[PDB]
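>>> Sharing an experimental structure here, sequence included.
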Number of protein chains: 4
Amino acid sequence: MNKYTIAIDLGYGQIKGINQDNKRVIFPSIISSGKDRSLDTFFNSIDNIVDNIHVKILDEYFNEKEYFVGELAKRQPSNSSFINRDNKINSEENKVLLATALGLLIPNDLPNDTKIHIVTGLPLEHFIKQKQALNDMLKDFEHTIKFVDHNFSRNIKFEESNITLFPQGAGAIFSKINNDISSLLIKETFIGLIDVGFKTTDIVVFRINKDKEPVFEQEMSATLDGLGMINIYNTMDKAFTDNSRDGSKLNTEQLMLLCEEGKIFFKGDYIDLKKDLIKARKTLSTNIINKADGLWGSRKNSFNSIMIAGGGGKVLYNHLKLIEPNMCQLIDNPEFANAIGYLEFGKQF
Amino acid sequence: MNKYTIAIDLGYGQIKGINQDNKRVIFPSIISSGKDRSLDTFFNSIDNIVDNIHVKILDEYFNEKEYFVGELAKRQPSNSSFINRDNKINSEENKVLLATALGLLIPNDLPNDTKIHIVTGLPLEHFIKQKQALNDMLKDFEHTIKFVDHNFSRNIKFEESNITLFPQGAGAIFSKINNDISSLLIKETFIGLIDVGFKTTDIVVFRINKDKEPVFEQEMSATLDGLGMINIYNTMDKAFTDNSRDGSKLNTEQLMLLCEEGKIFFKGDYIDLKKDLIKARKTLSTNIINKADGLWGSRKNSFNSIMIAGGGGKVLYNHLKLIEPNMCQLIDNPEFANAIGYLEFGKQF
Amino acid sequence: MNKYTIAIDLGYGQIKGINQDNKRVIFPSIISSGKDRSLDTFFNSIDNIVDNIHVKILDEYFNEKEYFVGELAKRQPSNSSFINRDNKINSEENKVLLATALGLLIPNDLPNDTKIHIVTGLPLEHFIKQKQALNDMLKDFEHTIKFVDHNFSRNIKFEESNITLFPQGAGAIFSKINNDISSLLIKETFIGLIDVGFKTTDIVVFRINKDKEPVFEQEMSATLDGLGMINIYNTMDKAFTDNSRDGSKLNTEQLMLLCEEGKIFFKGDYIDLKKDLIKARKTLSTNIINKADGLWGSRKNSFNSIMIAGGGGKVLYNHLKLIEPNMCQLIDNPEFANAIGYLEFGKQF
Amino acid sequence: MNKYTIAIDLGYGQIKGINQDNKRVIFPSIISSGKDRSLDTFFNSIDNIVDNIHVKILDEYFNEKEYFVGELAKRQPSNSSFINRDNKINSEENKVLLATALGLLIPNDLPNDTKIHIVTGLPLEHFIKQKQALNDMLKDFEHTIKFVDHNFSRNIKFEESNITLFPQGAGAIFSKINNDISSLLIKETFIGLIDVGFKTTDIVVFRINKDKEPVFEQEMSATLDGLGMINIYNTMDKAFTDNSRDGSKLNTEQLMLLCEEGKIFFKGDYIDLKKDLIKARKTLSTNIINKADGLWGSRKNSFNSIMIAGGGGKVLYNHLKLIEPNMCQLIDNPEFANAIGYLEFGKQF
Ligand SMILES: Nc1ncnc2c1ncn2[C@@H]1O[C@H](COP(=O)(O)OP(=O)(O)O)[C@@H](O)[C@H]1O
Ligand SMILES: Nc1ncnc2c1ncn2[C@@H]1O[C@H](COP(=O)(O)OP(=O)(O)O)[C@@H](O)[C@H]1O
Ligand SMILES: Nc1ncnc2c1ncn2[C@@H]1O[C@H](COP(=O)(O)OP(=O)(O)O)[C@@H](O)[C@H]1O
Ligand SMILES: Nc1ncnc2c1ncn2[C@@H]1O[C@H](COP(=O)(O)OP(=O)(O)O)[C@@H](O)[C@H]1O
Ligand SMILES: [Mg+2]
Ligand SMILES: [Mg+2]
Ligand SMILES: [Mg+2]
Ligand SMILES: [Mg+2]
């Protein structure tokens, strides 16, 4: 019958997802072992299901494992250490996280003849290179989910022609602004889109033609592998150990707490690292502009709009504005820029 | 219906209880039979009713059984065994001990329809295991008490909506410090509560969130069964047979008498075990901190205040200081820490 | 700095309010759907922002809607019907009217030390009766405004210890005139306050003691539900169908245009009901006197000051003068006496 | 929207600023620590905000420092240096002075997308040498300032293409007299402008052409570093200590009062130093005669008008008349000479 549409993302930083109903979810890309949560059930009332995703996922052979995942995994000390998430696209780390949002974004009691289009993405250099790696993994995806503490299952199995493949940052401007920026696009310019990811920051440019339609440039656009917010967590982790002078290491949760604040609490004291947070944010923003103008000669003057996105783009927008003032603006949903771009351009099918 | 409130404990070493009117009692959990106290009545003034609990207990079948209980039963040689006491919460021991502090704290001049909200406790790990059995027992409760040598009686029966079930150490720092630690809790810290009881040792933490609300962590919190003051009494008892050099052994009253002082008067002279009293209390304090850090990795750095509870921590506070100095501290009522925590957090109804 | 204060009124005739800084807004309680405005921007300049509030309301769930509200909704023939708008205080329609006046009373660029202490109200009998639903909704409230044609947003979200309720016109004479009427209040004299609104009408009196301090009379003050200005609009509608005799009915605008004028411009002609206008005005105010003396037996003889308020009280001054001439008077702002009464007696906080 | 005009001066003696609407401020260039002003409110009225500048300053990373600046800081004994204040134009001291300058000139009720164009001042040699140091720091500026005891904050931010830079002595004769002295200037003369600043004195001349337009001479004009009012405070410093015959040093406050009165009240006595104070101004009056003719050969006879400026020259006008008696003349506002020129000639945009 008619098939539903759910747009997800495989971001190493945090998983970003939305359905056809615009009901959207967001949670960090961290998994852990699952343990029986009934003692904490009586003390604090579990209201936020996204905060408390204890979950068990069957295979087709009745094998399933307990999992804490996300914020609940970030409270665990032995979770996925988040600096070492598996770069294999077919990892079980990928498997649980992929079924996680699909459990959360399928509403209750849809008809079984109504399937769901899933819309995903890859980093831009890694899209065609790893397309069939994901394509077989999407067809291999055949599970059944069970939520602990909320107790509603989903049957999850899809073949080819139920899936959708467009890169990270591609449909973010190829949809959702492409039918809206027509007042600004005139002829033979370039719109600028930079998705500031956690591991990898993506640089993507669209040339507009004579016919007021976007066309893609691949020599002026690239994936910055190893450039992203992961540099800041790695930098400030040295900054805490250099300021503590003891070898005291923050955990995984204090790491992500640090580069949102710059003021970690530590043993009756706030170890002040706000100055080093200023040091990282100006350094990374300078590094993005330099790699941008590596791809950009005098065609930077051929720009008319520069949009940025990502959670890093939410927190670097002032320093990343300095490519071009009055042209470096921010997109509406910096996290969900891929998500609705996957959604509306997934509505073509 | 202005329903009354009484908060009690089921502590193995002693029973700690308090009413709505903040009238509080404390007495050891030792029972014996009741025998006719008219001879000693003319000798010594039976004045302290808490010291002299000769009590008459009916049942639903009107089977009166007098009992010496508490301090007077401790004076009896044929008392409860009490060092290998059965841990059944539905025991006749616990039927007497729970009904003991009721009539000792049920006040005078109650209305005809007005009931009493009773608040009890469980061990934290066994709160899942033993929730039914106390709920079996409190529903079962239908008796009538009577006080020998003080000439008054109480009716005692309860139903549901009068029962209240929170674990040991749950409301002690949830409430009772609730508006006081609110100025201390700031952002993403844990607070430390350790109950050093007689038989059991509890560890319980609370993550406070961004929103200044405590949330519970079941995996940094456990009941250390087999660790407590019961080890020290059992250690020094064999040490008493050592330093006496004759194989002579104490009784049950001298057992509790010893490790409150350490210098037992035996055969016309003191017997000195003060060195081994310092040894065993430091030995248990070593075992607490290590098993505390069994649940506490570098999250010990995420503490801001540690409190200790139970009767043992009051006399361990110098040796239990070594957890985190000037962050660990002593609660003001080490016995009644659970009781007032049962009181106000039991006053939700 | 310190936390900010806003007093607004949820009155169903016209939404009223005045902030901490004595900026005040007022607009009728009419909402409509919003549609984009660029054409009428070019013809006629939007000089008053309150005149032409096209508004978008954000949420985290991405369920934004455009709205015409107040005067801009009054010109709409597709607006709310307003003759049967439901009194659900937790309704989404009440979210539109309440979030409207928030950013209007918040000046541009307030710091984060400022947090808005809202002071709203209920009807008198509906104060205790309908406390918790609005207590739930103001606890629930989390949005962000967007002004079309003026383009500035306000993140609006309220914690507890930021909300405050009072009954309708409670501090209107407990404060705001209480320093002035100390010349007039002497000893055990009832001062009188009447608020004549659209749906409901409240009459509240305060007994003063021997110590010249006011005290509340719950048996000499009540809510006149079903007696208000809406009955004049319901009468003048039926008088117009008695005068037009076609079956034609005025819209939501021409009905509200009538009871201020009495001479509707219909079919290019002044269909007149000036006699039926005054008769319906002596109908309502006489129906107040019976409800006034329904709460006032012989105790009317002890009065010293009758005050009236409400927008209906502005247009029924001589109609309601016959309660007690040479004593009854008019407050300075008949409409804003609720909001300033919420303001000044809200300045306890 | 429209971009407003605010003209300030970075004078090391006193910061001299004005908005587009001619509301102008003046305060000495001294900062100090900001501490809790509560008690001084009740005794004496905090009316003049120029008199009582208690300032909180947020950063964009929000380090929240607090300062007394200017007149209140002059009364503070622990104030800034001001006799050897650092010449770093990018200092935090210069920022706090500039933030205080912007705060009293940015008006309330300014529309939403309006901004401000700002004009600064530079020494005539240092306008090219020290150009980009200031021109980057003004681009760097994004701070939120809080004025205590007046309850209004200012989030102030500036970017490129809104700041504007003209050196000292430029606009006072290029504008502000261009409508007036154009009747006076005829053919091939030089106009004169001598800004007697605190630290540096400014010599600037304009050649008029045949076509009655000003044009600039770089070798008939220079910046007199080490020549100005600051030599008089240095001279009167040792003039007191030699006349005290004790080494008793005046404070920073009495230093400023000394060259305004010459009769300082000291140890219950007026110490009169009128002898050296007449000599010290004539010492300064001598050192500007010589530097005038150092730039002016027989071209001194090619003059039609000499103006003087600077706050020191107001009490030096008759005493610096010795160069050209009645060929020299006086500007209207010797303090505000640079700022009104920066106001008027800064209205290019
Ligand atoms: N409020 C915030 N403060 C600090 N950092 C943030 C915030 N929100 C998001 N981030 C950063 O942005 C990253 C999220 O990037 P995201 O858009 O999910 O890219 P990806 O698709 O690579 O995961 C996080 O790792 C986090 O460090
Ligand atoms: N003054 C004291 N001296 C020595 N030991 C004490 C003293 N007060 C209490 N204790 C010890 O503390 C124990 C009481 O612990 P308690 O807080 O009642 O825990 P529980 O709830 O497990 O019974 C007793 O068994 C006793 O050994
Ligand atoms: N100038 C006026 N002419 C006629 N009626 C008016 C006028 N001003 C106000 N009103 C009437 O008063 C009502 C406003 O009452 P209001 O004080 O806002 O009470 P509420 O708090 O119940 O909304 C309107 O519905 C309107 O009919
Ligand atoms: N009434 C006065 N009496 C004495 N000196 C004054 C008076 N007014 C201003 N001054 C002197 O003039 C100086 C102000 O110079 P100003 O025009 O602000 O130049 P700058 O731009 O270098 O700060 C002060 O340091 C002060 O010594
Ligand atoms: Mg991404
Ligand atoms: Mg205990
Ligand atoms: Mg009203
Ligand atoms: Mg100057």
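Thanks, I have the structure now. Residues are numbered from 1 along each chain as shown, chains lettered A, B, ... in the order given. Ligands and ions are numbered 1, 2, ... in the order given.
>>> So residue A:235: helix, strand or coil?
With DSSP: H, G, I helix; E, B strand; the rest coil as the basis, residue A:235 sits in helix.
>>> Skipping adjacent residues, who's closest to it in space?
residue A:280 (4.9 Å; Cβ to Cβ, 6 or more residues apart in numbering or on different chains). Bear in mind the C-beta positions are built from the backbone N, C-alpha and C, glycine included.
>>> Wait, a helix at that neighbour?
Yes - judged by three-state DSSP, residue A:280 forms part of a helix.
>>> Next, find the distance separating it from residue A:254.
Using Cβ to Cβ, to the nearest Å, one obtains 16 Å as the distance from residue A:280 to residue A:254.
>>> One more: residue A:58?
Applying Cβ to Cβ to residue A:58 and residue A:254 gives a distance of 35 Å.
>>> Tell me where chain A has helices.
Along chain A, counting by DSSP state H, helices occupy A:39-43, A:71-74, A:92-105, A:131-140, A:170-174, A:230-244, A:252-261, A:274-294, A:310-316, A:337-346.
>>> With ligand 2 as the reference, name the closest of those helices.
Closest to ligand 2 of these, according to Cβ to the nearest ligand atom: helix A:39-43, at 19.1 Å.
>>> The closest one and chain B, any residue contact?
Yes - applying Cβ under 8 Å from any Cβ of the partner chain, one finds helix A:39-43 touching chain B at A:39, A:40, A:42, A:43.
>>> Can I get the buried part of these as one PyMOL selection?
Only the buried entries of the residues of helix A:39-43 next to chain B go into this PyMOL selection, using 16 or more other Cβ atoms under 10 Å in any protein chain shown:
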select buried, chain A and resi 39+40+43
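>>> can the residues of helix A:39-43 next to chain B go into a markdown table with extra columns for distance to ligand 6?
As requested, the residues of helix A:39-43 next to chain B are exported to a markdown table (distance: Cβ to the ion, whole Å):
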| residue | distance to ligand 6 |
| --- | --- |
| A:39 | 17 |
| A:40 | 21 |
| A:42 | 18 |
| A:43 | 18 |
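>>> would you list every one of the strands in the stretch 1-150 of chain A?
For the stretch 1-150 of chain A, applying DSSP state E, counting those that start in this stretch gives strands covering A:4-7, A:14-19, A:24-28, A:31-33, A:53-58, A:66-69, A:116-120, A:142-147.
>>> As JSON lines, the ones you listed with mean neighbour count would be great.
As requested, the strands of the stretch 1-150 of chain A are exported to JSON lines (neighbours: other Cβ atoms under 10 Å in any protein chain shown):
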{"stretch": "strand A:4-7", "mean neighbour count": "24"}
{"stretch": "strand A:14-19", "mean neighbour count": "23"}
{"stretch": "strand A:24-28", "mean neighbour count": "21"}
{"stretch": "strand A:31-33", "mean neighbour count": "20"}
{"stretch": "strand A:53-58", "mean neighbour count": "22"}
{"stretch": "strand A:66-69", "mean neighbour count": "22"}
{"stretch": "strand A:116-120", "mean neighbour count": "23"}
{"stretch": "strand A:142-147", "mean neighbour count": "18"}
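>>> could you dump those to TSV with distance to ligand 2?
Shown next, in TSV, are these (distance: least, Cβ to the nearest ligand atom, whole Å):
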stretch	distance to ligand 2
strand A:4-7	53
strand A:14-19	44
strand A:24-28	40
strand A:31-33	32
strand A:53-58	32
strand A:66-69	32
strand A:116-120	55
strand A:142-147	37
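>>> Right, I'll call it a day here.
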